[PDB]
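Each chain gets a letter, A, B and so on, in the order its sequence line appears, and its residues count up from 1.
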Amino acid sequence: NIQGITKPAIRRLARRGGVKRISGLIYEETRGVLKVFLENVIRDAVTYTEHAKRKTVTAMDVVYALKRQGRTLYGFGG
Amino acid sequence: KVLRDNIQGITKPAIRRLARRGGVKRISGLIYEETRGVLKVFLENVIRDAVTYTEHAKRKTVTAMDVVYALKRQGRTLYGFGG
Amino acid sequence: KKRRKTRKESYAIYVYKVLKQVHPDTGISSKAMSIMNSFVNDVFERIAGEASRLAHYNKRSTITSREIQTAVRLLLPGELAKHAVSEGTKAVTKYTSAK
Amino acid sequence: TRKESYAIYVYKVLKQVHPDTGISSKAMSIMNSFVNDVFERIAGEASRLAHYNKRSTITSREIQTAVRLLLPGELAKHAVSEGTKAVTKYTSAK
Amino acid sequence: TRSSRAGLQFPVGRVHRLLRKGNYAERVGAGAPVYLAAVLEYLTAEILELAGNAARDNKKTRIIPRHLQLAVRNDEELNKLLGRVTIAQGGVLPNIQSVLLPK
Amino acid sequence: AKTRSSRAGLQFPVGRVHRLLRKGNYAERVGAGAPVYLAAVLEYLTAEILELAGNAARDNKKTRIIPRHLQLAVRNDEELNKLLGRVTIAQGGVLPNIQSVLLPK
Amino acid sequence: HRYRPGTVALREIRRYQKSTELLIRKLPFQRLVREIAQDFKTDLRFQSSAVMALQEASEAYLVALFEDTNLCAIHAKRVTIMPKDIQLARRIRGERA
Amino acid sequence: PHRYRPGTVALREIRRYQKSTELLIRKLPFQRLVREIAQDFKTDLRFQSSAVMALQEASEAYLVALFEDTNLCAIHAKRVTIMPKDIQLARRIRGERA
DNA sequence: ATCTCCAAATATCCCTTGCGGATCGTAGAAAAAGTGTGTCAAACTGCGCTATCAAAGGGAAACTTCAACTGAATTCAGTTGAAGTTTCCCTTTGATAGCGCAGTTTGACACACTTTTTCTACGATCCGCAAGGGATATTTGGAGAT
DNA sequence: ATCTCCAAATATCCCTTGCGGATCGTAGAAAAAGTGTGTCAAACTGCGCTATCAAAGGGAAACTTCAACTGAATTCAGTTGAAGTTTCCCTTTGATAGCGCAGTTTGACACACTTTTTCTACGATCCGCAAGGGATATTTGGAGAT
Ligand SMILES: [Mn+2]
Ligand SMILES: [Mn+2]
Ligand SMILES: [Mn+2]
Ligand SMILES: [Mn+2]
Ligand SMILES: [Mn+2]
Ligand SMILES: [Mn+2]
Ligand SMILES: [Mn+2]
Ligand SMILES: [Mn+2]
Ligand SMILES: [Mn+2]
Ligand SMILES: [Mn+2]
Ligand SMILES: [Mn+2]
Ligand SMILES: [Mn+2]
Ligand SMILES: [Mn+2]
Ligand SMILES: [Mn+2]
Ligand SMILES: [Mn+2]
Ligand SMILES: [Mn+2]
Ligand SMILES: [Mn+2]
Ligand SMILES: [Mn+2]
Ligand SMILES: [Mn+2]
Ligand SMILES: [Mn+2]
Ligand SMILES: [Mn+2]
């Protein structure tokens, strides 16, 4: 599934970040970094879901989790 | 009496000691003024908040707690001075 | 009727009002409005959070306009803080006149 | 006037873990900051959880999920069992 | 309404209720929600003023998230205030490092 | 048993913690088990830092824990380092650490 | 006709910095989220916006990281981002020890 | 007469300072700087002595750790010498501004 | 420089859909009224903050010398990016199945609150004594010299 | 290879202190008890929105071809920062005294809270039509070749 985050997708992300040239080894690092990012946010989001005794992860569970991580997101129920 | 230029009291040997503690082996002559500028900005930011706490409390003496609260505000929590 | 979907509350109408004050011929998309609502909520929480700590720090039981003010001074960068203190002081001055 | 601290409890726990070890005045002030800081972080998170879920009360369940949010890995696991064991033992009495 | 007495578009009554329910303190004084409502109104004005202009510059009559982001990141003080916030669907400021451009 | 700490098997003060929870404006109401659980968590974390800091003190041929030992303890422990990742321990100094490239050849 | 190496890359930079569209395809991202969640708690559903919230946060995060990664590459007098640039940026952010 | 080679004394200075915990900035000078900066925000301030010590503890800690990051930036660029551009890269990635 | 030649920017026009205004209906804000307690202002006060001086001497500043660092300049193997072909799978569209979130009602009991009893934990205070920690002399590990 | 020698480490002496362990006497807070009351658990439920399904086309991802330009290695020299030396500035240390102001306290009350009734703002819900979407054409900004 981590391989669904393709080389072209990572290149596009890098282009928006202003990158002109990318070593072949970047695509594997990026996948690892993203996995860590998602695990940390989802871990917390799921802690909230479970605390509410729910089976469904809400956008608010994510929003609160992002806020905890110091990654406040506007646009989804802030 | 007027206080001026007190950033120059942050001496070069002092900055060098801090860099040694930070693991630095060799230091460019240009570091010392860069460091002064950086320290100035750090103190201005913390002292500004610390003074806001003093003013709010209607006090004229900046307490250790005003500083500890300001440090916490800036994500720079300090242990050892109360709170 | 009978079973009623819970009323959601937002700042959308007051944001559209302010938008008419500053940009009479400018509109706002619904995604942009959501962002604006998060902004207002985020800022409210941040300010009332300081105000709460301030009162606690000072052994007081009340959040007054004084805590709101110093909290705005802690939270907001230079010019924004200056302008927000004017606007808050003026609203309070004007409100206490109007009886 | 009275300055309350966690000092006597930190002393007690220090005797349990390291019976012949003292602690300097500054080290203890640091331990007091530590205990207050963690209290604040946990109570704060618990406060948020009750609000988020529209409850008027902080229960040990809020404290528990606050603990799981705030502490890393092994530390959350052992704090959870210490916390649950204490609530269990406490209810078993009155 | 208390908002009218105060000269505000933002709701002094709603703000007061929200302060009372957020468990910030035992008591809320009467000036507090006025002051706070005014500050929230001033900041939404400040943001909307710059976003409107970014909409103009982009030849549009409707503010979208992109214009909110442009406004924020091009403004030194708002960028600081929202230094740890992400605006969904905002993208980034056009920015290419000098050394990456051809001679 | 008289004290709530005694009932819970605890060294830390359940009653103080209850009061501090009530007077900190965290919620309208605090349940009976909240202060027990938190007192226990606080007690456990203090046991853990004190254990590691006493060991640092002994590593250093010392009999009394000073801030340096607390600092050595915290930063050599991955999880305590993380919990206190944005915390400064006054008079703690840093860990001995020279980058490889800086050593002579 | 052939554009020189870097000319099309530069065009791409200009293109993506003008837009705001998500750059990771939606379904592969959704599968990843569900797989990671499953590891923490089995038997979970997601609101569609929950997944969207996570994708917006994730891409915002990675774009900004590539900005810092690029600066570290440039610092080293290179033009090519390398794993070590990501690692240095993450160390300085205090994301990694 | 005896002369240590360049870098030998620097290394032993690092060992020396990495073992100790004492503040490395002279005390009266730091206190004047604090007092000057504060006066620019409010005239007529007094300071508890512990207030100034707290600021010096925080400041030196901040600067030690910034020097660690600065060194990593220098090493990344294949140098052993810290330069203003290393501090700048470090502060930029930290999100420190002004 | 000058011509060719891509691809983005702009123009133009018809289609789509979500902005934004209008309509109905109530949850919440305001008015009114009665109640108490936190806050405020004013009186007194002693901790510790400012200040100042003196004496000594640790450490800063300013110098000379030159080791070795930075970085300029050059080289080239190969890893990149650009543009070709081939292969896969994302998205879009139309619902149908039904999970589980969220709305409504409820009374038990958990938690508030206030009063009286019990006892914890604080502030003030002397004490044994290893624990440093500063002043003085000797040995040691290894850097640099021969 | 082997010697010389410098500074950090080790050893010795006295001694100030700041620790753990007292005992004290005592304010303040916790526990104990009694009663008031509102939060939230459970149970029943309705339906929104999550999952899923079946298919198909079109574009994205993967794969392949080529060689431009990049990162990495090598060499070398001027630049520059480190090491060491000498001078003496001004920090540190200690102790004094004066008072500015932080913190305690006590009466008076203004202000916030709680309760109940009335009024009306803002919510949900609806949809014409204009801004923006999307497709096609023309103009414009440059990049690469000659
Ligand atoms: Mn205008
Ligand atoms: Mn299932
Ligand atoms: Mn000045
Ligand atoms: Mn609308
Ligand atoms: Mn109502
Ligand atoms: Mn009065
Ligand atoms: Mn000297
Ligand atoms: Mn080749
Ligand atoms: Mn069901
Ligand atoms: Mn030898
Ligand atoms: Mn003692
Ligand atoms: Mn009493
Ligand atoms: Mn190159
Ligand atoms: Mn190579
Ligand atoms: Mn050269
Ligand atoms: Mn020089
Ligand atoms: Mn001189
Ligand atoms: Mn006063
Ligand atoms: Mn149009
Ligand atoms: Mn269009
Ligand atoms: Mn042209």
Give the nucleotide from the list [options] with an atom nearest to the side chain of [X].
| X | options | result |
| --- | --- | --- |
| B:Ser28 | J:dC40, I:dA68, J:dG81 | J:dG81 |
| F:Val30 | I:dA9, J:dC122, I:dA112 | I:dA112 |
| G:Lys18 | I:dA29, I:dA60, I:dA9 | I:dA9 |
| H:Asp44 | J:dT92, J:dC101, J:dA82 | J:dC101 |
| G:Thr80 | J:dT70, J:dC6, J:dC69 | J:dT70 |
| A:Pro8 | I:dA7, J:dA61, J:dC69 | J:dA61 |
| F:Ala32 | I:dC111, J:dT125, J:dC6 | I:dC111 |
| G:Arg45 | J:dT114, I:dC99, I:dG81 | I:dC99 |
| F:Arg64 | I:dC49, J:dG21, I:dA131 | I:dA131 |
| C:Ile13 | J:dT125, J:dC122, J:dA82 | J:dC122 |

Look at the side-chain N and O atoms of [X] and state whether any lies under 4.0 Å from the OP1 or OP2 oxygen of [N].
| X | N | result |
| --- | --- | --- |
| G:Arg25 | J:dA60 | no |
| E:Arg14 | I:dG28 | no |
| C:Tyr14 | J:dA121 | no |
| D:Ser25 | J:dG18 | no |
| B:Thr61 | I:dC49 | no |
| D:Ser56 | J:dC40 | yes |
| H:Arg32 | J:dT91 | yes |
| G:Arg2 | I:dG81 | no |
| G:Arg11 | I:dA8 | yes |
| E:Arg2 | I:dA30 | yes |
| H:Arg35 | I:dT50 | yes |

Fill in: Given DNA chain I, 5'-ward residue of the pair E:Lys59 and B:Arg17, judged by closest heavy atom
E:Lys59
Worksheet item: Between D:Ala7 and H:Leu45, which is nearer to the 5' end of DNA chain I once each is assigned its nearest nucleotide?
Response: H:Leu45
In whole angstrom, what separates [X]'s [atom1] from [N]'s [atom2]?
| X | N | atom1 | atom2 | answer |
| --- | --- | --- | --- | --- |
| A:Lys53 | I:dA102 | NZ | P | 15 Å |
| B:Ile31 | J:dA82 | CD1 | P | 11 Å |
| F:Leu10 | J:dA30 | CG | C1' | 16 Å |
| G:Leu10 | J:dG141 | CG | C1' | 15 Å |
| E:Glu26 | I:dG38 | CD | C1' | 8 Å |
| E:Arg20 | I:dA29 | CZ | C1' | 11 Å |
| D:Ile23 | I:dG132 | CD1 | P | 13 Å |
| F:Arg68 | I:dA131 | CZ | P | 20 Å |

Any-strand Watson-Crick or G-U partner of [N], both distances under 3.5 Å:
| N | result |
| --- | --- |
| J:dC101 | I:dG46 |
| I:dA95 | J:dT52 |
| I:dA108 | J:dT39 |
| I:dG141 | J:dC6 |
| J:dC76 | I:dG71 |
| J:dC19 | none |
| J:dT115 | I:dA32 |

Discussion item. Is I:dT92 base-paired with J:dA55, counting Watson-Crick or G-U wobble geometry with both distances under 3.5 Å?
Written reply: yes
Item to complete: With DNA chain J as reference, determine whether B:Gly29 or C:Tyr11 sits nearer its 5' end, using the nearest nucleotide of each.
Response: B:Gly29
Worksheet item: G:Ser48 or E:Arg27: which one's nearest nucleotide on DNA chain J is closer to the 5' end?
Response: G:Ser48
Assign [N] to north (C3'-endo side) or south (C2'-endo side) according to its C1'-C2'-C3'-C4' torsion.
| N | answer |
| --- | --- |
| I:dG84 | north |
| I:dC40 | south |
| I:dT80 | north |
| I:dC63 | north |

Practice prompt. Please say whether the positively charged group of A:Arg11, taken as NZ for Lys or CZ for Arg, lies over the ring of G:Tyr16, i.e. under 6.0 angstrom from the six-membered ring centre and within 45 degrees of the axis.
Written response: no
Discussion item. On the six-membered ring of A:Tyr48, is A:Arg54 placed so that its NZ or CZ lies under 6.0 angstrom from the centre and within 45° of the ring axis?
Written reply: no
Please evaluate the base of [N] for a donor-acceptor partner in the side chain of [X] within a cut-off of under 3.5 Å?
| X | N | value |
| --- | --- | --- |
| D:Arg2 | J:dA27 | yes |
| G:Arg78 | J:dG71 | no |
| H:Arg3 | J:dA83 | yes |

Rounded distance in Å between the [atom1] positions of [N] and [M]:
| N | M | atom1 | answer |
| --- | --- | --- | --- |
| J:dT80 | J:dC3 | P | 43 Å |
| I:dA108 | I:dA29 | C1' | 34 Å |
| J:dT139 | J:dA135 | P | 23 Å |
| I:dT91 | J:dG134 | P | 16 Å |
| J:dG144 | J:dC69 | P | 9 Å |

Worksheet item: Is a salt bridge present between E:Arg17 and C:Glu9, judged by a nitrogen-to-oxygen distance below 4.0 Å?
Response: yes
Worksheet item: Under a 4.0 Å N-O cut-off, is there an ion pair linking D:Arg55 with D:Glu62?
Response: no
Worksheet item: Which atoms form the tightest heavy-atom contact between E:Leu101 and G:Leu10, and what is the distance?
Response: CD2-CD2, 4.1 Å
Discussion item. If I compare all heavy atoms of F:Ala39 with all of F:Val14, which pair ends up nearest, and what's the gap?
Written reply: CB-CG2, 4.1 Å
Fill in: Any B:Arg26 side-chain heavy atom under 4.5 Å of H:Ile82 side chain
no
Fill in: Minimum side-chain heavy-atom gap G:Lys41-A:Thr49 below 4.5 Å
no
Worksheet entry | G:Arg14 (side chain) donor-acceptor with G:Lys18 (main chain) under 3.5 angstrom | no
